[PDB]
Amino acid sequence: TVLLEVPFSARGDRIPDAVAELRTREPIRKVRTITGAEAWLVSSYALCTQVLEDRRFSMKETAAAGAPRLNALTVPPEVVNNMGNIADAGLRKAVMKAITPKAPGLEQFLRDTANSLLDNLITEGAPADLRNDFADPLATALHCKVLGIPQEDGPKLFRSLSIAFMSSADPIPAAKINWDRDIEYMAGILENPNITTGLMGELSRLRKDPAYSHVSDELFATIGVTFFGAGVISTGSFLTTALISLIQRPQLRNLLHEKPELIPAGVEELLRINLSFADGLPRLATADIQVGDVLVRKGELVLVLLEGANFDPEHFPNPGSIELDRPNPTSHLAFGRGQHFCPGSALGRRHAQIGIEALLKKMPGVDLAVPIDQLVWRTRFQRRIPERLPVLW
């Protein structure tokens, strides 16, 4: 027989039984990626946390030429160290401050947008597609607002992402085409005097500040493109599959409908059991490092399986159950951990909370309009998502 292949399944509505067997029998073990490369798959909470909190397991070095690869690059290799570059340009604080959900009127904008989308769906009548006509438009509108760019520019940038976040064995020509075009767009945004708010407005000001005279224009455009893409794909995909998790639990749906003050904790649990990341987080060992029973050698590829950690019964008892009163509710790895912890976590949380609150208020009887098995799960993608999410109410 051949070496165990990853990923195991593109389905985001259930965790494979094989994961628990793996965690119990071999919480770090050798696998083969789609490129043919070998890697260590880590699937226990303890070892996942160990790996993510040890910077000698490097994100940046995953971009090195000749390295074993999880998948082909869809960005310039320097972009792999994007946050690092941000840090080096002295821009980390401003960027992070710009993408919090705390800006005046941001949450009200989210609510208004969600409510408008839902009103439109209700007017059009069931069935409704909660991905293409709710979650993703909401994410896109949100990130246009956050970046300070026109709403009407959102869809076209959005249309890069189905390619931008592919997980391919080979390089993707369209990915480079779209990348260069979106980069030209963001550079134009930086030169556009009308853009004075949000992330791009702030970057536009800092660009002309003498304290930043030697930061490259490339980096400025790149922040815009990368944060738009990662933010929209992450919030859209998470919200979609969270809505799936919610729909499959009518009792929770009803409870949250009755006591919306419980919605954030619910969202936190929805975060914990979320399967949106299709692959483990990649890291390259820069030294010989002991992980459980395995001595990982310098230059080897390591994959941190988030659902491995988050469904670990040793950290989250009865892991498959949504429990709103856990003693350790935010200790999941849905936003990663350590050096590369998600800078957009608060915004993602608020996006999901407001989207769910609005949905439950508008569509308290929301349910799937097709049998669960009929959902079409996107393959070889960095996220797990159903192509369409047909619902009734």
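All residue numbers are counted from 1 along the displayed sequence.
If you average the C-alpha B-factors over 307 to 315 and over 73 to 81, the higher value belongs to 73 to 81. The PDB entry records a higher mean C-alpha B factor for 150 to 158 than for its counterpart among 150 to 158 and 279 to 287. Within the group 34, 65, 48, 356, the record's highest C-alpha temperature factor is found at 65. Note on 236, 188, 201, 299: the highest value goes to 188, judged by CA B factor as recorded.
Sort the chain's modelled residues by C-alpha temperature factor and residue 367 lands in the middle third, per the entry. When the modelled residues of the chain are ordered by C-alpha B-factor, residue 193 sits in the highest third. Compared with the other modelled residues of the chain, the Cα B-factor recorded for residue 227 ranks in the lowest third.
In the deposited entry, the Cα temperature factor of residue 339 places it in the highest third of its chain's modelled residues.
The deposited CA B-factor of residue 23 belongs to the highest third of values across its chain.
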